[PDB]
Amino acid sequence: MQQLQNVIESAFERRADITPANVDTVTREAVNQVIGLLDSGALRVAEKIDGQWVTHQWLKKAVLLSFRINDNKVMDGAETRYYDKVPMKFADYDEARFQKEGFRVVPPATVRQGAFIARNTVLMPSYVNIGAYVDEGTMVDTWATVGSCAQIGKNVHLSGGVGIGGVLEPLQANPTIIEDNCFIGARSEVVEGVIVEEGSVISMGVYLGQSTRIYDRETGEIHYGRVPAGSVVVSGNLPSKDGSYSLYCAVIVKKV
């Protein structure tokens, strides 16, 4: 909504002066409502429009505000205790609910309220942060991480130990995006708003950040920030002029 957006926006500018104590009823109710929409996948931080990914800045503002209006609470672990201000997405789920939503949650996988998980999805022990969106039939392997506002497409395989970087600030920047049917090999990391295009295959040990050189062995071209669809990517190195040493890089070995 609009008044919803207005409320979020005005409050955001006053963020520094807001406390769980002083917050006004309208702000509060506004933020809470937006979080619920993110959680149910009604709204989403980034989306694909006319072949392009666009970010809803105000949605980023709502998530940030949520950190200001909520106070840290003691959370009862069993053998231990926690202390945080973001609630667990499944704290109140029941058998009926789980059945309806159609995904699996293997202990001790944990998800923050404010993240959406689609049907046919399997969460092995892992972590899903607030504002993330995980689409249908995706498999999240052991010890993987889906950071804030991250967008995970359909039929994605995030192998074990895989990290998907979160992106809140700057507000302008798109989150990290993994398109449909992508395969991400174990121990790989995709962060900082890098976009991995549809049907791509990333092998093990591949680290992709905004500064990673993506060498196209075919063209001899270097790309940054994005992995073209159908790419087959592996780790490698690029030599120095004198060849006395070489530096890490990702290589597109083949295009499907």
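Residue numbers here begin at 1 and follow the sequence given. For the two forms, the rigid core is made up of the largest set of C-alpha atoms that agree within 1.5 Å on superposition.
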{"property": "Higher-deviation stretch (C-alpha RMS, rigid core fit) in 4 other deposited structures of this protein, choosing from 22-30 and 200-208", "result": "22-30"}
{"property": "Positional deviation of Cα atoms in 4 other deposited structures of this protein after core superposition, greater for 170-178 or 85-93", "result": "170-178"}
{"property": "Mean C-alpha B-factor comparison - 30-38 and 216-224, higher one", "result": "216-224"}
{"property": "Segment of higher mean CA temperature factor, 119-127 or 70-78", "result": "70-78"}
{"property": "C-alpha B-factor winner, where the candidates are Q113, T110, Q172, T176", "result": "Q172"}
{"property": "C-alpha B-factor winner, where the candidates are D84, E101, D141, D180", "result": "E101"}
{"property": "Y93 - Cα temperature factor, lowest/middle/highest third of chain", "result": "highest"}
{"property": "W53, C-alpha B-factor rank within chain (lowest, middle or highest third)", "result": "highest"}
{"property": "CA B-factor placement of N22, once the chain's modelled residues are sorted into thirds", "result": "highest"}
{"property": "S246 CA temperature factor, ranked by third within the chain", "result": "middle"}
{"property": "Assigned third (lowest, middle, highest) for the C-alpha B factor of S235", "result": "lowest"}
